[PDB]
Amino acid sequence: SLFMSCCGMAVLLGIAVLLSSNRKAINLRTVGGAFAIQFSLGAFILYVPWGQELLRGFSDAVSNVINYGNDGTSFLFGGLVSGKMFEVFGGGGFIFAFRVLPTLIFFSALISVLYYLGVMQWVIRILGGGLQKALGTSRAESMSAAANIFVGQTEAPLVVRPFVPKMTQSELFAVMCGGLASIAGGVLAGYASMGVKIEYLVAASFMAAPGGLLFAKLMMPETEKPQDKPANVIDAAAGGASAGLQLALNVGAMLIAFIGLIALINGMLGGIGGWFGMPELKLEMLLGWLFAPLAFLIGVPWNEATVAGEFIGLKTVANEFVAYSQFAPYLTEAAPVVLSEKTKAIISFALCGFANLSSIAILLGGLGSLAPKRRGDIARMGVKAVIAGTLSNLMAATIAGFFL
């Protein structure tokens, strides 16, 4: 029953303690409250009626903003994003390049506008402030964790840019973990446009802030002592659009290459596997077989653990975007394998994070430019930070599966 989920949470916590830089330095108030907040946040918005309605209200607003942004997309690509496409090409009428990627551009511009207006800083200041008061975490790392709810791993530390170079190793690690445990407002809308339930995306985003601090302070407790704009709104929007464009181009090229490379890998695996009586061997089977125990531990039913393992493994060995690209068909009526609604939720939560090895190089560049003398520390803590970020996503999935 629910016992398997509670065991799941315990195992995830235990692994973090086992990988800790110093278990005797672990602050019980910090890691105790962090888990408490992430657990309670999950309980509130996924179980408690009022919180469920607040989540639903927030998600529908996000859904409306996406539709508003699609007017710009409709202007540029016209009939290629109209209903006629489904009449002519059927399911192939949904052109990913024109349906999903332009949303990254619109949302990046929007976020930039909300930063210029001070709306973002206002929300981050409140959320980040509440975290440090309850957990005893430092001012800077708490703000970065809260900022990561809405923006990406390289953009979130910008709210505390001047404090980054003199951050303690534990602070720097938490900052890295905050980004790895979360996603970004831009791609959230993208994943939502792919069929992923907005409620899950919004929930996982908010739960990433305490979850990121949780596993950061478990695996890298504080052993040191911490310390302590565009000309107009139109310029802000333009700057965001440009950043979104570059992101859209990068994501699109990555998807073309990685999905293509997976197909090539599967072709080779067919020949190699055939030598062992397994000509049907594919990458999905390997990842499914290898990540099935992990999926089962976080609450996925026995008969759905292997399929769930495919996406979870793919997210880890590559990135969450590619994983979502393969999981999205399972959210439609044309799903090759009909999964339970709880399993769908677990996969959605467990995928909702930038936690992968390639994000280390991203952190080295973006976060490293803010503090060039700390690039050595970032590379040194990269793998552990990814692990911490992965555990945070897994914990969020286990919690979500519990109240569902």
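So that there is no doubt, residue numbering starts at 1 and follows the sequence shown.
Unmodelled residues of the deposited sequence between neighbouring positions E87 and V88 number none; the chain is continuous. Set 235-243 against 287-295 and average the Cα temperature factors; 287-295 ends up higher. Averaged over Cα atoms, the B-factor as recorded in the entry is higher for 262-270 than for the other of 245-253 and 262-270. When the C-alpha B-factors of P49, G69, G353, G376 are read from the PDB record, the largest value belongs to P49. Of the candidates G178, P226, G118, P102, the PDB record gives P226 the highest C-alpha temperature factor. In this PDB entry, the Cα temperature factor of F327 sits in the middle third of its chain's modelled residues. In this PDB entry, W275 carries a Cα temperature factor that places it within the highest third of its chain's modelled residues.
Split the chain's modelled residues into thirds by C-alpha temperature factor. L131 is in the highest one. Among the modelled residues of the chain, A145 sits in the lowest third by CA temperature factor in this PDB entry.
The entry lists a Cα temperature factor for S369 that places it in the highest third of the chain's modelled residues.
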